[PDB]
Amino acid sequence: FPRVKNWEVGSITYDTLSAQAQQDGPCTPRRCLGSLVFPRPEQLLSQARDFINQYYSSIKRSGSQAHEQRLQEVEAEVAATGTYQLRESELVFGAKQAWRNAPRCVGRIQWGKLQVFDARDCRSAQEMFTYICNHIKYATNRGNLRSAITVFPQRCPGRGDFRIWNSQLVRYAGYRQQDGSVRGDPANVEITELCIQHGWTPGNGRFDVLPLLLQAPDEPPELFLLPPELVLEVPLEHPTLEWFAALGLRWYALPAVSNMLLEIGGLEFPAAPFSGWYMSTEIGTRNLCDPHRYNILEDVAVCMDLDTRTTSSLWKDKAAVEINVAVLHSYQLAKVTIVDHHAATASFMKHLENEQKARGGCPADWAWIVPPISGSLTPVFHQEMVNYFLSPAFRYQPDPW
Amino acid sequence: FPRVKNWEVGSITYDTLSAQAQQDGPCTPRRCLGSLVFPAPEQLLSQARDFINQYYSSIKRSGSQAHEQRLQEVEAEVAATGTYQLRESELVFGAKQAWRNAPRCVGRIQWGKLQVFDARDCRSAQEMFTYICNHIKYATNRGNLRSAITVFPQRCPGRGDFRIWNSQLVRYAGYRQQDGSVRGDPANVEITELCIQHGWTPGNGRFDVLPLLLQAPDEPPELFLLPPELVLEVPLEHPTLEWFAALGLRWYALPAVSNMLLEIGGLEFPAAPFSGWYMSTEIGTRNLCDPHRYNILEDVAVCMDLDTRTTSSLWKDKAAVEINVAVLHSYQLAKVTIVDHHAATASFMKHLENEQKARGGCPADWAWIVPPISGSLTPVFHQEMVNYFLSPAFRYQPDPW
Ligand code: HEM
Ligand code: HEM
Ligand SMILES: Cc1cc(N)nc2cc(-c3ccc4c(c3)CN(C)CCO4)ccc12
Ligand SMILES: Cc1cc(N)nc2cc(-c3ccc4c(c3)CN(C)CCO4)ccc12
Ligand SMILES: C[C@H](O)[C@H](O)[C@H]1CNc2nc(N)[nH]c(=O)c2N1
Ligand SMILES: C[C@H](O)[C@H](O)[C@H]1CNc2nc(N)[nH]c(=O)c2N1
Ligand SMILES: [Cl-]
Ligand SMILES: [Cl-]
Ligand SMILES: [Gd]
Ligand SMILES: [Gd]
Ligand SMILES: [Zn+2]
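Rules used in this analysis
- Keep in mind that residues are numbered from 1 along each chain as the sequence reads, not by the entry's scheme, and that residues without coordinates are left out.
- Following the order in which they are written, the chains are lettered starting with A and the ligands numbered starting with 1.
- Excluded from the side-chain calculations are hydrogens and water; all other atoms, namely the structure's heavy atoms, are used.
- Buriedness for pockets is judged along seven lines, at least five of which must meet protein on both sides within 12 Å for an open set on the 1 Å grid over protein atoms alone, while cavities are sets there where a 1.4 Å probe fits but cannot get out, and lining residues have an atom within 4 Å of a point.
- Grid points are joined across faces, edges and corners, and a volume is the space filled by probe spheres set on the points.
- Helix and strand assignments follow DSSP, with helices taken as H or I runs no shorter than four residues and strands as E runs no shorter than two, numbered in order from the N terminus.
- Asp, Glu, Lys and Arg are counted as charged, while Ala, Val, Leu, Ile, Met, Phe, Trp, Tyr, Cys and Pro are counted as nonpolar; the rest, among them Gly, fall into the polar class.
- All domain edges in this entry derive from an automatic or database-based domain assignment.
- Two residues qualify as a contact provided that any one of their heavy atoms is within 4.5 Å of a heavy atom in the partner residue.
- What counts as buried area is the accessible surface, traced by a 1.4 Å probe, that two parts surrender upon association, with contributions from both included.
- We define a salt bridge as a side-chain nitrogen of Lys or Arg found within 4 Å of a carboxyl oxygen belonging to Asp or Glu.
- Between N or O atoms, a polar contact is any pair within 3.5 Å; within protein, one atom must be a potential hydrogen donor and the other a potential acceptor, and residues adjacent in sequence are included only when both atoms are from side chains.
- Only heavy atoms are used to decide nearness, and a residue is near a molecule or strand if one of them lies within 4 Å of it.
- Note on areas: Shrake-Rupley, 1.4 Å probe, and residue coverage restricted to the protein chains presented here.
- Each residue is placed in one exposure class: buried if its accessible area under a 1.4 Å probe, protein chains only, is under 20% of its type's maximum, exposed if it is over 50%, and partly exposed if it falls in between.
- Coordination partners: N, O, S within 2.8 Å of the metal, 3.2 Å for Na, K and Ca; water not considered, so apparent gaps in a site are possible.
- Note on geometry labels: four donors, all angles 85 to 135 degrees, give tetrahedral; four donors become square planar and six octahedral when opposite donors are over 155 degrees apart and every other angle is between 65 and 115; remaining cases are irregular.
- Put simply, a nonpolar core is a bunch of buried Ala, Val, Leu, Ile, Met, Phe, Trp, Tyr and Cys residues held in one set by side-chain atoms that sit within 4.5 Å of each other.
- Inter-axis angles, ranging from 0 to 180 degrees, are taken between N-to-C directions of lines fitted to C-alpha atoms, where helices are fitted over the stretch in contact.
- Under this scheme an angle from 65 to 115 degrees is roughly perpendicular, one under 35 degrees roughly parallel, and one over 145 degrees roughly antiparallel; angles in between are oblique.
- By convention the crossing between two helices is left-handed if the near helix lies anticlockwise of the far one by an angle smaller than a right angle, and right-handed if it lies clockwise.

In the PDB archive, X-ray crystallography is given as the structure determination method for this entry, at a resolution of 1.871 Å.

**Student:** Give a description of empty space enclosed by the protein that names residues and reports values.
**Tutor:** Size it by volume and the largest cavity reaches roughly 240 Å³. Lining of the largest cavity is provided by 19 residues; of these, A:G34, A:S35, B:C32, B:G34 and B:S35 occupy positions nearest its centre. Along its surface, the second largest cavity is lined by 18 residues, and A:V370, A:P371, A:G375, B:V370 and B:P371 are the ones closest to its centre. For the lining of the second largest cavity, the secondary-structure elements that each account for two or more residues are α10 (366-369) of chain A together with α10 (366-369) of chain B. When the residues that make up the lining of the second largest cavity are grouped by side-chain class, the tally is 14 nonpolar, 4 polar and no charged.

**Student:** Go over the domain arrangement of chain A, please, and point to the residues and values.
**Tutor:** Residue and element names in this part refer to chain A. As far as domains go, chain A holds domain 1 (15-120 + 147-157 + 261-275 + 345-369), domain 2 (121-146 + 161-232 + 396-400) and domain 3 (233-255 + 278-343). Measuring from the centre of the C-alpha atoms in domain 2 to the corresponding centre in domain 3 gives 24 Å. Residue-level contacts link 20 residues of domain 2 with 17 residues of domain 3. The junction of domain 2 with domain 3 conceals about 1,700 Å² of combined surface from both sides, 55% of it contributed by carbon and sulfur atoms. Joining domain 2 to domain 3, the criterion identifies 1 salt bridge. Taking the shortest distance from any N to any O, the salt bridge between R293 and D185 comes out at 3.0 Å. Where domain 2 packs against domain 3, one counts 12 residue pairs in polar contact.

**Student:** Provide a residue-level description of the site of ligand 5, including the pertinent values.
**Tutor:** Surrounding ligand 5, one finds A:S35, A:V37, A:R286, A:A367, A:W368, B:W366, B:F381, B:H382, B:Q383 and B:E384. Close to ligand 5, residues of chains A and B are found. The separation between an oxygen atom of ligand 5 and a polar main-chain atom of A:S35 is 2.5 Å. A distance of 3.1 Å separates a nitrogen atom of ligand 5 from a polar atom in the backbone of A:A367. Its free accessible area being 390 Å², ligand 5 has 81% of it covered by the protein chains.

**Student:** Please give an account of the environment of A:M260 that cites residues and values.
**Tutor:** Residue and element names in this part refer to chain A. Here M260 shows up in the loop between β12 (256-257) and β13 (261-264). We classify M260 as buried; its relative accessible area is 15%. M260 sits 57 residues away from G203 along the chain, and the two C-alpha atoms are 28 Å apart. The contacts of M260, once residues within four sequence positions are left out, are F269, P270, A272, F274, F394, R395, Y396 and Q397.

**Student:** Got a sec to walk through the coordination of the zinc ion (ligand 11)? Specific residues and values, please.
**Tutor:** Bound to the zinc ion (ligand 11) on the protein side are A:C27 (SG), A:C32 (SG), B:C27 (SG) and B:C32 (SG), at distances that span 2.4 Å. What the 4 donor atoms of the zinc ion (ligand 11) show is an angle range of 104 to 119° at the metal, which sorts the shape as tetrahedral. For the pair A:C27 and A:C32, a shared accessibility class is recorded, and that class is buried.

**Student:** Now, about the interface of chain A and chain B: what can you tell me, with residues and values included?
**Tutor:** Listed as interface residues are 61 residues of chain A and, on the opposing side, 63 residues of chain B. Across the interface of chain A and chain B, roughly 5,200 Å² is buried in total on both sides, 60% from carbon and sulfur atoms. For the chain A face of the interface with chain B, the top three residues by lost area are A:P29, A:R30 and A:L377, together amounting to 12%. Counting the contacts that link chain A with chain B gives 1 salt bridge. A salt bridge links A:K318 to B:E322, with the shortest nitrogen-to-oxygen separation between them at 3.6 Å. In this structure, the connection of chain A to chain B is made through 26 residue pairs in polar contact. Residue assignment for the side of chain A that touches chain B shows that the elements contributing at least two residues are α6 (280-289), α8 (315-333), α9 (341-359) and α10 of chain A. By residue class, the composition of the side of chain A that touches chain B is 28 nonpolar, 20 polar and 13 charged.

**Student:** I'd like to hear about the nonpolar core, residue by residue, with values.
**Tutor:** The biggest cluster of nonpolar side chains holds 59 residues, and the ones touching the most others in it are A:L214, A:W251 and A:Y331. When contributions to this core are tallied by element, the ones reaching two or more residues are α4 (125-140), β8 (212-215), β11 (250-252), α6, α7 (297-303) and α8 of chain A. Counting residues per element, this core draws most heavily on α8(A), at 10 residues. Core analysis: the next-biggest nonpolar cluster, separate from the first, contains 57 residues, A:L314, B:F152, B:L230 and B:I323 among them.

**Student:** With reference to specific residues and values, describe the coordination of the iron atom of ligand 2.
**Tutor:** Its sole protein donor being B:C105 (SG), the iron atom of ligand 2 sits 2.3 Å from that atom. Within the secondary structure, B:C105 sits in the loop between α3 (88-100) and β3 (115-118).

**Student:** Hey, could you go over the packing of α6(A) against α8(A) for me, with residue numbers and the actual values?
**Tutor:** All names here are of chain A. At a closest axis distance of 8 Å, the pairing of α6 and α8 adopts a crossing angle of 130°. By the angle between their directions, the pair α6 and α8 is classed as oblique. For the crossing formed where α6 meets α8, the hand is right-handed. Facing α6, whose interface residues are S280, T281, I283, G284, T285, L288 and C289, α8 presents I323, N324, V327, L328 and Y331. Among the residues making up the contact of α6 with α8, the classes are represented as 7 nonpolar, 5 polar and no charged.

In structure tokens form, the structure reads like this:
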């Protein structure tokens, strides 16, 4: 039972929950690989049994009637058909647990407040798009954001697979050049190549919201132009730097990830887009200041008249902080839900204590919980963490080509 | 072999050096514990044999007459005495390799430029003090800091260890109190109590330099005061916030870690203090802003007239950025060597490139290498790393009391 210390307070806990990890991680006694982003058939019944046992443990209903009975029909369902279908409430319980189990998510204090949209009966790129469009509008909610996941049908052998080709529902274009360099988002130049290579008319500028590439089983993808009224965006202004607005920066309201594979009780949902709301460093620090993203940091420091000739003026740090101030200020002025990294990390420490008494620990990936600016100014920095894989979970999956 | 990606640039390498990992860390395939701070002649023979092979590789004499002679010699001396002695050149090479191998050190671009003082003939605590004073004097060098290590006699059967009880050669007292609060550095309350109970007359300032507690084999520790003019200090001021000088903040020039164990070819040196020069975030962010250290952040933000009643104003990030500016400016004004986190991490990237060519990899602990502020603004943030233990090495050891 791994001993875990908080160095700011001096408190000690034990992660007894780690003793129940499934999928082995990338680390061995000889070398740690925790900093790696992507680490490198009756098996279905073992994972199905275990997920059902989880479900009835939570609702105080282990070791009695419906517990016994629910065990049998999945046995028979797999005996007869080879796969199985989840009860709607089990799908709800599995989705919240996969969120609860995400080691890299700092927002998990919210894990119990999740809206599960069941799309398991879907069957075309036209049905997808409507299900996706109801999500975005419910999730956006005029800027009062609400966490939501939409679950498309559970993959089965012999036939294709529902998949969304974009990494997220809202992405910005990335256009090449005579010189390779990109107008717009460099992280999306590739999926921008597939949209133009499928009928889409390439726009001009930096913040062109890409269309969707939606794929029903076996049939090729189909473009879908998102409605401008459905894609809520926030223009970026600074409370006291009047020229910041003139830089023409924007970001969208809804982070909705659409390339991860939801896995519950041995079943795989390659299309299950989930969404919440942004922590501000995600936008201001990574999306806008990463050298391989919008890379705006030097442009903002010039406007602030900072001395960029020597790193020791800390001009990168000063301009970064102001970009984050502008993100927080702009989202709040537009009445769009956002959380700063101080509030978010303090809530995550509260989640750690909750999960300690409820489950005896919590899988947390230190390198992703600590924010990308001002790390040691937040409490999670001084908190040791244990990382491991619990089920149900969100997994990465290959790109569909 | 582990594949390692840099995400800023897209490059990819394989850490083949990790396969030679001479010991075992705390991670298993079940669970990663990378974020934890604190993770027989036959075996002395094989450790020694491997170090000797390393030494003769570095001087391009592998498998030679002189190489096999030294193996037979070492084996003979372990049989006759249970231990063996390093040649002077072997000691210098082993001390540099220990620095080179240290996974949490961002300063390793410098590893070949290290001054090795051989104090293995030291006989008492009094001589030990003289060796240490000369180390401080050489390393400080009137502000033009030089990297050095002094190595005291190795652990040997029959006699006790040389130990320095202080965790660094220069530290500020931390005086307990009631109302419960610490005056001075709270990290040093325990050593401060030990000094008092060994006959030190305590001051009552916030930056009182502690005496040295030095243990000769099979002797109680002996108190030694450092001559005030040996301990170079830097009063902290800010280039534009003139009230900052009125805080009365100071820090010392020389970071000299004295409580670690140096291991070379199976031999152990429990007393071998080493020093380099500061990276400004260790002082500004950690030593001054950690809530459990000097904890000046809120007092600085109030003075800056920042809005401290809400976190989304990012008052903490703005105050910490100015504390770091003050540190860098104060040290440059005083002509005392200092490196900012941007230059340091950029030189660490060159070290990784050098090391990949030389040894096929480099042990690095991502969470220690990424600075405590402005993490993703530095290039080490976007570099994946492999953490593992090579020997020779600096190891932690328990406190002598
Ligand atoms: C409600 C507010 C939420 C906040 C503030 C939040 C915040 C974050 C942040 C900051 C990250 C890492 C940033 C990065 O990877 O660059 C992350 C990752 C993640 N989040 Fe959350 N999140 C929220 C809701 C959710 C929801 C609703 C789900 C799913 C139902 C979820 C599941 C995940 C997962 C699986 C990851 C891992 C990403 C990966 O491994 O690539 N989160 N979240
Ligand atoms: C010359 C300039 C140097 C710089 C800029 C530097 C930088 C650093 C920094 C920033 C840390 C981590 C501090 C923290 O924990 O917050 C560190 C750790 C460390 N340094 Fe360096 N260092 C230097 C010289 C040296 C030398 C000369 C040695 C040994 C001969 C050394 C050995 C180590 C070791 C062993 C650690 C790990 C400490 C631990 O594991 O607890 N360093 N270094
Ligand atoms: C629900 C939710 C809310 C939120 N606020 N942020 C989220 C961020 C991700 C995310 C997913 C994958 C991923 C990365 C971030 C980052 N790295 C930079 C590269 C690609 O991998 C996923 C879900 C989020
Ligand atoms: C030679 C050298 C130069 C330099 N500039 N810094 C150094 C820092 C350390 C260090 C050693 C141990 C350690 C910590 C830092 C940090 N944490 C805060 C708690 C205790 O563990 C050791 C040697 C350094
Ligand atoms: C190499 C390193 O693991 C990689 O850059 C990680 C670090 N921590 C992160 N943390 C978050 N939240 N998102 C990321 O993309 C990363 N990237
Ligand atoms: C718990 C956490 O791992 C711990 O506070 C670490 C994080 N990274 C660090 N990195 C450095 N350089 N120094 C430190 O003291 C720490 N502390
Ligand atoms: Cl994003
Ligand atoms: Cl220090
Ligand atoms: Gd101007
Ligand atoms: Gd001023
Ligand atoms: Zn690990």
